[PDB]
file structure.csv (CSV, C-alpha atoms)
chain,number,residue,atom,x,y,z
K,3,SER,CA,0.0,0.0,0.0
K,4,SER,CA,2.4,2.6,1.3
K,5,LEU,CA,5.3,0.2,0.7
K,6,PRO,CA,8.0,1.1,-1.8
K,7,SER,CA,8.3,-1.0,-4.9
K,8,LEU,CA,11.6,-2.9,-5.4
K,9,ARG,CA,11.7,-2.3,-9.1
K,10,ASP,CA,10.9,1.4,-8.6
K,11,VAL,CA,13.4,1.9,-5.8
K,12,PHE,CA,16.1,0.5,-8.1
K,13,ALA,CA,14.7,1.8,-11.4
K,14,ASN,CA,18.0,3.6,-12.0
K,15,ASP,CA,20.3,0.8,-10.9
K,16,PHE,CA,19.2,-2.7,-12.0
K,17,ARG,CA,16.2,-4.8,-12.7
K,18,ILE,CA,14.7,-6.7,-9.7
K,19,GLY,CA,13.8,-10.3,-10.5
K,20,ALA,CA,12.3,-13.4,-8.9
K,21,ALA,CA,12.5,-17.2,-9.7
K,22,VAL,CA,9.0,-18.7,-10.0
K,23,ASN,CA,7.1,-21.7,-11.2
K,24,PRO,CA,3.4,-21.8,-12.2
K,25,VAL,CA,2.3,-22.6,-8.6
K,26,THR,CA,4.3,-19.8,-6.9
K,27,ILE,CA,3.1,-17.4,-9.6
K,28,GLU,CA,-0.4,-18.0,-8.3
K,29,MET,CA,0.6,-18.1,-4.7
K,30,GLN,CA,2.8,-14.9,-4.7
K,31,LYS,CA,1.1,-13.1,-7.6
K,32,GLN,CA,0.7,-9.8,-5.9
K,33,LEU,CA,4.2,-9.6,-4.6
K,34,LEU,CA,5.5,-10.2,-8.1
K,35,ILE,CA,3.2,-7.7,-9.6
K,36,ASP,CA,4.1,-5.0,-7.1
K,37,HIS,CA,7.9,-5.5,-6.9
K,38,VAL,CA,9.7,-7.3,-9.8
K,39,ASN,CA,10.3,-6.4,-13.4
K,40,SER,CA,12.2,-9.7,-14.2
K,41,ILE,CA,11.3,-13.3,-13.9
K,42,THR,CA,13.4,-16.5,-14.1
K,43,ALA,CA,12.1,-20.1,-14.1
K,44,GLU,CA,13.2,-21.9,-11.0
K,45,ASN,CA,13.2,-25.3,-12.7
K,46,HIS,CA,10.9,-25.4,-15.7
K,47,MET,CA,13.4,-24.3,-18.3
K,48,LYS,CA,16.1,-26.8,-17.3
K,49,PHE,CA,16.8,-29.6,-19.7
K,50,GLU,CA,14.8,-32.3,-17.9
K,51,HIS,CA,11.6,-30.1,-17.9
K,52,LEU,CA,11.9,-29.1,-21.6
K,53,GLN,CA,13.1,-32.3,-23.4
K,54,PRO,CA,12.5,-35.2,-20.9
K,55,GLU,CA,12.8,-37.6,-23.9
K,56,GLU,CA,14.5,-37.1,-27.2
K,57,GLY,CA,12.1,-35.2,-29.5
K,58,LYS,CA,9.4,-34.8,-26.8
K,59,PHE,CA,9.3,-31.1,-25.8
K,60,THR,CA,7.3,-30.1,-22.8
K,61,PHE,CA,7.0,-26.3,-23.0
K,62,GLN,CA,3.7,-26.0,-21.2
K,63,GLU,CA,5.0,-24.7,-17.8
K,64,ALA,CA,7.7,-22.6,-19.3
K,65,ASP,CA,5.1,-21.0,-21.5
K,66,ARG,CA,3.0,-20.2,-18.5
K,67,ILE,CA,5.9,-18.4,-16.9
K,68,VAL,CA,6.8,-16.5,-20.0
K,69,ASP,CA,3.1,-15.6,-20.5
K,70,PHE,CA,2.8,-14.2,-17.0
K,71,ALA,CA,6.0,-12.1,-17.4
K,72,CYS,CA,5.0,-10.7,-20.7
K,73,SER,CA,1.4,-9.9,-19.6
K,74,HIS,CA,2.9,-7.8,-16.7
K,75,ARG,CA,5.8,-6.1,-18.6
K,76,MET,CA,8.5,-8.2,-16.9
K,77,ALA,CA,11.7,-9.3,-18.6
K,78,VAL,CA,12.7,-13.0,-18.5
K,79,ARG,CA,16.0,-14.7,-17.9
K,80,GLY,CA,16.3,-18.1,-19.4
K,81,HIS,CA,17.7,-20.8,-17.0
K,82,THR,CA,19.5,-23.0,-18.1
K,83,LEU,CA,20.7,-24.8,-21.2
K,84,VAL,CA,23.8,-26.9,-20.4
K,85,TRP,CA,24.3,-28.1,-16.8
K,86,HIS,CA,25.6,-31.2,-15.1
K,87,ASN,CA,22.3,-31.5,-13.1
K,88,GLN,CA,18.7,-31.9,-14.1
K,89,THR,CA,19.6,-33.4,-17.5
K,90,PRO,CA,18.0,-36.8,-18.4
K,91,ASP,CA,20.3,-39.8,-19.1
K,92,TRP,CA,19.0,-40.2,-22.6
K,93,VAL,CA,21.1,-37.1,-23.7
K,94,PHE,CA,24.3,-39.0,-23.2
K,95,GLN,CA,23.4,-42.6,-24.3
K,96,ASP,CA,22.8,-44.5,-27.5
K,97,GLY,CA,20.3,-47.3,-28.0
K,98,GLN,CA,22.7,-49.8,-26.4
K,99,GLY,CA,23.0,-47.7,-23.2
K,100,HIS,CA,26.6,-46.7,-23.9
K,101,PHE,CA,27.9,-43.1,-24.1
K,102,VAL,CA,27.4,-41.3,-27.5
K,103,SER,CA,30.2,-39.7,-29.5
K,104,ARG,CA,31.3,-36.1,-29.4
K,105,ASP,CA,29.6,-35.4,-32.7
K,106,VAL,CA,26.3,-37.0,-31.5
K,107,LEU,CA,26.2,-35.1,-28.2
K,108,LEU,CA,27.0,-31.9,-30.1
K,109,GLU,CA,24.0,-32.6,-32.5
K,110,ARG,CA,21.7,-33.2,-29.5
K,111,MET,CA,23.1,-30.1,-27.7
K,112,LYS,CA,22.6,-27.9,-30.8
K,113,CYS,CA,19.1,-29.3,-31.4
K,114,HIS,CA,18.0,-28.6,-27.8
K,115,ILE,CA,19.5,-25.1,-27.7
K,116,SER,CA,18.0,-24.2,-31.1
K,117,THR,CA,14.6,-25.5,-30.3
K,118,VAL,CA,14.4,-24.0,-26.8
K,119,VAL,CA,16.0,-20.6,-27.7
K,120,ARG,CA,14.1,-20.1,-31.0
K,121,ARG,CA,10.8,-20.6,-29.2
K,122,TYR,CA,11.3,-17.8,-26.8
K,123,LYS,CA,13.3,-15.5,-29.1
K,124,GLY,CA,12.3,-11.9,-28.6
K,125,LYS,CA,10.6,-12.7,-25.3
K,126,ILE,CA,13.7,-13.9,-23.4
K,127,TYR,CA,16.5,-11.4,-23.4
K,128,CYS,CA,19.2,-13.5,-21.9
K,129,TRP,CA,20.2,-17.2,-21.2
K,130,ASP,CA,22.3,-18.9,-18.7
K,131,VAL,CA,23.9,-21.0,-21.5
K,132,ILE,CA,26.5,-22.8,-19.2
K,133,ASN,CA,25.7,-23.4,-15.6
K,134,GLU,CA,28.3,-24.3,-12.9
K,135,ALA,CA,31.0,-25.8,-15.2
K,136,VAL,CA,33.8,-24.6,-12.9
K,137,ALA,CA,34.9,-27.0,-10.1
K,138,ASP,CA,33.7,-26.0,-6.6
K,139,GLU,CA,36.6,-27.8,-4.9
K,140,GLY,CA,40.1,-29.0,-5.7
K,141,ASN,CA,42.8,-27.7,-8.0
K,142,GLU,CA,41.0,-28.5,-11.2
K,143,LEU,CA,39.4,-25.8,-13.3
K,144,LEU,CA,36.4,-27.8,-14.6
K,145,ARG,CA,34.0,-29.9,-12.7
K,146,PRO,CA,33.6,-33.4,-14.3
K,147,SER,CA,30.4,-34.0,-16.3
K,148,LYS,CA,29.2,-36.1,-19.1
K,149,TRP,CA,29.0,-33.0,-21.3
K,150,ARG,CA,32.7,-32.4,-20.7
K,151,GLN,CA,33.7,-36.1,-20.7
K,152,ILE,CA,32.0,-36.9,-24.0
K,153,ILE,CA,32.6,-33.7,-26.0
K,154,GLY,CA,35.8,-32.4,-24.5
K,155,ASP,CA,36.6,-29.1,-22.8
K,156,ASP,CA,35.4,-27.1,-25.8
K,157,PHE,CA,31.7,-28.1,-25.1
K,158,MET,CA,31.2,-24.7,-23.5
K,159,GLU,CA,32.5,-22.9,-26.6
K,160,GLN,CA,30.1,-24.9,-28.7
K,161,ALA,CA,27.1,-24.3,-26.5
K,162,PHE,CA,27.6,-20.5,-26.6
K,163,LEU,CA,28.0,-20.5,-30.4
K,164,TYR,CA,24.8,-22.6,-30.7
K,165,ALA,CA,22.8,-20.2,-28.5
K,166,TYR,CA,24.2,-17.2,-30.4
K,167,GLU,CA,23.1,-18.7,-33.7
K,168,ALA,CA,19.6,-19.4,-32.4
K,169,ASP,CA,19.2,-15.8,-31.0
K,170,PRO,CA,22.1,-13.4,-31.7
K,171,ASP,CA,20.2,-10.7,-29.9
K,172,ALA,CA,20.3,-12.5,-26.6
K,173,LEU,CA,22.8,-11.8,-23.8
K,174,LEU,CA,24.6,-15.1,-23.1
K,175,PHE,CA,25.8,-15.8,-19.6
K,176,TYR,CA,28.1,-18.1,-17.7
K,177,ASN,CA,26.3,-18.7,-14.4
K,178,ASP,CA,27.7,-20.1,-11.1
K,179,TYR,CA,27.6,-20.0,-7.3
K,180,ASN,CA,30.3,-19.5,-4.7
K,181,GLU,CA,31.4,-17.0,-7.3
K,182,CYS,CA,33.1,-14.7,-4.6
K,183,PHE,CA,35.4,-17.1,-2.9
K,184,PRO,CA,38.8,-16.1,-4.3
K,185,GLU,CA,40.0,-19.5,-5.5
K,186,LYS,CA,36.8,-20.1,-7.4
K,187,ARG,CA,36.5,-16.4,-8.6
K,188,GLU,CA,39.9,-16.9,-10.3
K,189,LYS,CA,38.8,-20.1,-12.0
K,190,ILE,CA,35.7,-18.4,-13.3
K,191,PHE,CA,37.6,-15.3,-14.4
K,192,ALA,CA,40.1,-17.5,-16.1
K,193,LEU,CA,37.5,-19.6,-17.9
K,194,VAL,CA,35.5,-16.6,-19.1
K,195,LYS,CA,38.6,-14.6,-20.2
K,196,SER,CA,39.7,-17.7,-22.1
K,197,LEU,CA,36.3,-17.8,-24.0
K,198,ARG,CA,36.2,-14.1,-24.6
K,199,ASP,CA,39.8,-14.1,-25.9
K,200,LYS,CA,38.7,-16.7,-28.5
K,201,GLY,CA,35.8,-14.5,-29.7
K,202,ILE,CA,33.2,-16.8,-28.1
K,203,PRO,CA,29.9,-14.9,-27.7
K,204,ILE,CA,29.7,-14.8,-23.9
K,205,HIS,CA,28.4,-11.4,-22.8
K,206,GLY,CA,27.7,-11.9,-19.1
K,207,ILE,CA,28.6,-13.5,-15.9
K,208,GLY,CA,25.8,-14.7,-13.6
K,209,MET,CA,26.6,-14.4,-9.9
K,210,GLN,CA,24.2,-16.8,-8.2
K,211,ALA,CA,24.8,-15.2,-4.8
K,212,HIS,CA,23.5,-18.1,-2.7
K,213,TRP,CA,25.0,-16.4,0.3
K,214,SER,CA,25.0,-16.6,4.1
K,215,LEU,CA,25.0,-14.0,6.9
K,216,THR,CA,28.8,-14.2,7.0
K,217,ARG,CA,30.0,-15.5,3.6
K,218,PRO,CA,31.2,-14.1,1.3
K,219,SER,CA,32.5,-10.9,2.9
K,220,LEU,CA,31.7,-7.5,1.5
K,221,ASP,CA,35.3,-7.3,0.5
K,222,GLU,CA,35.1,-10.6,-1.4
K,223,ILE,CA,31.9,-9.5,-3.2
K,224,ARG,CA,33.5,-6.1,-4.1
K,225,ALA,CA,36.6,-7.9,-5.5
K,226,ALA,CA,34.6,-10.4,-7.5
K,227,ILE,CA,32.4,-7.7,-9.1
K,228,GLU,CA,35.6,-5.8,-10.1
K,229,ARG,CA,37.4,-8.9,-11.3
K,230,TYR,CA,34.4,-9.9,-13.4
K,231,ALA,CA,33.7,-6.4,-14.6
K,232,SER,CA,37.3,-6.0,-15.7
K,233,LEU,CA,36.5,-8.5,-18.5
K,234,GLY,CA,34.0,-6.2,-20.1
K,235,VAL,CA,31.1,-8.5,-19.5
K,236,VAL,CA,27.8,-7.5,-18.0
K,237,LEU,CA,27.0,-8.8,-14.5
K,238,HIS,CA,23.7,-10.3,-13.3
K,239,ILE,CA,23.0,-11.4,-9.8
K,240,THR,CA,20.9,-14.4,-10.6
K,241,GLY,CA,19.8,-16.3,-7.6
K,242,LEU,CA,20.2,-14.0,-4.6
K,243,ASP,CA,19.2,-15.3,-1.1
K,244,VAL,CA,20.7,-14.8,2.3
K,245,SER,CA,20.5,-18.1,4.3
K,246,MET,CA,20.1,-18.0,8.0
K,247,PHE,CA,22.5,-21.0,8.3
K,248,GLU,CA,26.2,-21.1,7.5
K,249,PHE,CA,27.5,-24.1,5.5
K,250,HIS,CA,28.6,-25.9,8.7
K,251,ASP,CA,25.2,-25.3,10.4
K,252,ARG,CA,23.1,-28.4,9.6
K,253,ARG,CA,20.5,-27.8,12.3
K,254,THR,CA,17.0,-29.2,11.8
K,255,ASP,CA,15.1,-28.1,14.8
K,256,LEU,CA,14.8,-24.3,14.5
K,257,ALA,CA,11.2,-23.4,14.0
K,258,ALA,CA,11.7,-19.7,13.8
K,259,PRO,CA,14.8,-17.5,13.2
K,260,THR,CA,16.3,-15.8,16.2
K,261,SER,CA,15.9,-12.0,16.7
K,262,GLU,CA,19.7,-11.9,16.1
K,263,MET,CA,19.4,-13.7,12.8
K,264,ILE,CA,16.6,-11.4,11.6
K,265,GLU,CA,18.6,-8.3,12.7
K,266,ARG,CA,21.9,-9.5,11.1
K,267,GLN,CA,20.0,-10.4,7.9
K,268,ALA,CA,18.6,-6.9,7.7
K,269,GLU,CA,22.1,-5.5,8.1
K,270,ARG,CA,23.6,-8.0,5.6
K,271,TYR,CA,20.9,-7.1,3.0
K,272,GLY,CA,21.5,-3.4,3.5
K,273,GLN,CA,25.3,-3.8,3.0
K,274,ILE,CA,24.8,-6.0,-0.1
K,275,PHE,CA,22.4,-3.6,-1.9
K,276,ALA,CA,24.6,-0.6,-1.0
K,277,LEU,CA,27.5,-2.5,-2.7
K,278,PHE,CA,25.3,-3.4,-5.7
K,279,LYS,CA,24.0,0.2,-6.0
K,280,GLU,CA,27.6,1.4,-5.9
K,281,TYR,CA,28.4,-0.9,-8.9
K,282,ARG,CA,25.2,0.0,-10.8
K,283,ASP,CA,27.3,0.7,-13.9
K,284,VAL,CA,28.2,-3.0,-14.3
K,285,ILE,CA,25.4,-4.8,-12.5
K,286,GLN,CA,22.2,-4.7,-14.6
K,287,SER,CA,19.9,-7.1,-12.8
K,288,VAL,CA,19.4,-8.6,-9.3
K,289,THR,CA,17.2,-11.7,-9.2
K,290,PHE,CA,16.2,-13.4,-6.0
K,291,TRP,CA,15.8,-17.2,-6.0
K,292,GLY,CA,12.2,-16.7,-4.8
K,293,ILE,CA,10.5,-13.7,-3.4
K,294,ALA,CA,9.0,-14.5,0.1
K,295,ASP,CA,9.9,-17.1,2.7
K,296,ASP,CA,6.9,-19.2,2.1
K,297,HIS,CA,8.7,-20.7,-0.9
K,298,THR,CA,12.5,-21.3,-0.9
K,299,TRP,CA,14.7,-24.1,-2.1
K,300,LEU,CA,16.8,-23.5,1.0
K,301,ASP,CA,14.1,-25.3,3.1
K,302,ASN,CA,15.4,-28.6,1.7
K,303,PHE,CA,19.0,-27.8,0.6
K,304,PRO,CA,21.5,-28.5,1.8
K,305,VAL,CA,19.4,-30.1,4.7
K,306,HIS,CA,16.2,-31.8,3.7
K,307,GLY,CA,13.1,-31.0,5.6
K,308,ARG,CA,14.0,-27.9,7.6
K,309,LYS,CA,12.9,-24.3,7.2
K,310,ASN,CA,14.9,-21.2,6.1
K,311,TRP,CA,14.0,-17.5,6.0
K,312,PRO,CA,16.2,-16.1,3.2
K,313,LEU,CA,14.2,-13.3,1.4
K,314,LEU,CA,12.9,-9.8,1.9
K,315,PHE,CA,9.3,-10.9,2.7
K,316,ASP,CA,8.1,-13.3,5.3
K,317,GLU,CA,5.7,-16.3,4.8
K,318,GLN,CA,2.8,-14.0,5.2
K,319,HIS,CA,4.2,-11.8,2.4
K,320,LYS,CA,4.9,-9.0,4.8
K,321,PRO,CA,8.2,-7.0,4.5
K,322,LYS,CA,10.9,-8.1,6.8
K,323,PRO,CA,13.4,-5.8,8.5
K,324,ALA,CA,15.8,-6.8,5.7
K,325,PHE,CA,13.3,-5.1,3.3
K,326,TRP,CA,13.6,-1.7,4.8
K,327,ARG,CA,17.4,-1.6,4.8
K,328,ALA,CA,17.5,-2.9,1.3
K,329,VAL,CA,15.3,-0.1,-0.2
K,330,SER,CA,16.9,2.6,1.9
K,331,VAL,CA,20.5,2.4,0.4

call {"tool": "encode", "arguments": {"input": "structure.csv", "output": "structure tokens"}}
result
Amino acid sequence: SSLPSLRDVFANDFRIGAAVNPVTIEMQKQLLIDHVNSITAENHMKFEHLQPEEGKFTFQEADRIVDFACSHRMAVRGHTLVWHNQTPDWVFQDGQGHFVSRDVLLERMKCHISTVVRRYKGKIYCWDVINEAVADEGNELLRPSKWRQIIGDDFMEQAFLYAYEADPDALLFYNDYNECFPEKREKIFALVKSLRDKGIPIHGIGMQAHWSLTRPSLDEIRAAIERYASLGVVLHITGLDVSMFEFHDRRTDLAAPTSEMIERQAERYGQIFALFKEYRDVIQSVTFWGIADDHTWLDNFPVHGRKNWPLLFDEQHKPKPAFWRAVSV
């Protein structure tokens, strides 16, 4: 009513987005209409929800998400084309059950990318082409995956070129999490620099920002933004949430967040959006992975069956103290 609108507050700085599905669009419709000007599919544009079997395309739920966004003047981010998760086994197998060749997987990759991207061309302005290809642990640069194993390390080059051919007006993104821990930051920077230095059409880096109250520090976030911005790419914050639990905190029995967690989350969100507003010249969109605490994937990850309170609105869709600091930067 008298509440400020997130997209309006940040009109001059970046788009404000939310990850949704057909159910949460109904359940949180008014929040979305009042606050966001960008929408991402939380799951229904991943491989397994678009081509569950070869040649069987299931666009119904993704269509509903795109339809909602377009009927409310919201942009859409496409998430995601090539990922080591949520991809069916058929993609990598032949009739016998063995792994396909590099040429066969490339044909399947191109056909998926072309069919998916062409359908939403001119409604979807950018795509997370490659998701989470960098290793999250160890000394290696690249996480193992059947994509990488079968095609080789140039699978990402091919995926970007395929998406560019299908919609050359789209902004194409490398998207990843823990993007601000220095060791991983440098892997991501190295990987993207490598692709850009080969003329590969990668225009943006997606910072998932699945963050905690403590990690990463404001200094690590600032350094990552600058390190990524120095490549000349655009920056999207693609899956922002602020977990009430650190990585080591696998507690199951907390039925409400403490006054201290709520207060420290407000302060944390205030600091994060001040930092974003400061880098408004290179950050063009900030998407939350949800919008209110009645739906969050953090309820079940990394601990199944608990509850988390990661967003700017509570389960009753009322603004949290985090809301007020976020909009007053």

call {"tool": "atom_distance", "arguments": {"input": "structure.csv", "atom1": "CA of residue 252 in chain K", "atom2": "CA of residue 296 in chain K"}}
result
20.1 Å

call {"tool": "residues_around", "arguments": {"input": "structure.csv", "residues": "residue 123 in chain K", "least_positions_apart": "6", "cutoff": "12 Å", "atoms": "only C-alpha atoms", "output": "ChimeraX atom specification"}}
result
/K:68,78-80,115-117,129,165-173

call {"tool": "residues_around", "arguments": {"input": "structure.csv", "residues": "residue 140 in chain K", "least_positions_apart": "5", "cutoff": "10 Å", "atoms": "only C-alpha atoms", "output": "PyMOL selection string"}}
result
chain K and resi 145+185-186

call {"tool": "residues_around", "arguments": {"input": "structure.csv", "residues": "residue 312 in chain K", "least_positions_apart": "3", "cutoff": "12 Å", "atoms": "only C-alpha atoms", "output": "JSON, numbers by chain"}}
result
{"K": [211, 212, 213, 214, 215, 241, 242, 243, 244, 245, 246, 247, 248, 259, 263, 264, 266, 267, 268, 270, 271, 290, 291, 292, 293, 294, 295, 296, 297, 298, 299, 300, 301, 309, 315, 316, 317, 322, 323, 324, 325]}

call {"tool": "closest_residue", "arguments": {"input": "structure.csv", "among": "K:40, K:133, K:60, K:254", "to": "residue 286 in chain K", "atoms": "all atoms listed in the file"}}
result
K:40

call {"tool": "closest_residue", "arguments": {"input": "structure.csv", "among": "K:288, K:329, K:107, K:239", "to": "residue 17 in chain K", "atoms": "all atoms listed in the file"}}
result
K:288

call {"tool": "atom_distance", "arguments": {"input": "structure.csv", "atom1": "CA of residue 82 in chain K", "atom2": "CA of residue 48 in chain K"}}
result
5.2 Å

call {"tool": "closest_residue", "arguments": {"input": "structure.csv", "among": "K:100, K:148, K:198, K:253", "to": "residue 85 in chain K", "atoms": "all atoms listed in the file"}}
result
K:148

call {"tool": "closest_residue", "arguments": {"input": "structure.csv", "among": "K:182, K:275, K:159, K:237", "to": "residue 203 in chain K", "atoms": "only C-alpha atoms"}}
result
K:159

call {"tool": "closest_residue", "arguments": {"input": "structure.csv", "among": "K:49, K:326, K:94, K:70", "to": "residue 23 in chain K", "atoms": "only C-alpha atoms"}}
result
K:70

call {"tool": "closest_residue", "arguments": {"input": "structure.csv", "among": "K:273, K:95, K:42, K:62", "to": "residue 331 in chain K", "atoms": "only C-alpha atoms"}}
result
K:273

call {"tool": "atom_distance", "arguments": {"input": "structure.csv", "atom1": "CA of residue 175 in chain K", "atom2": "CA of residue 235 in chain K"}}
result
9.0 Å
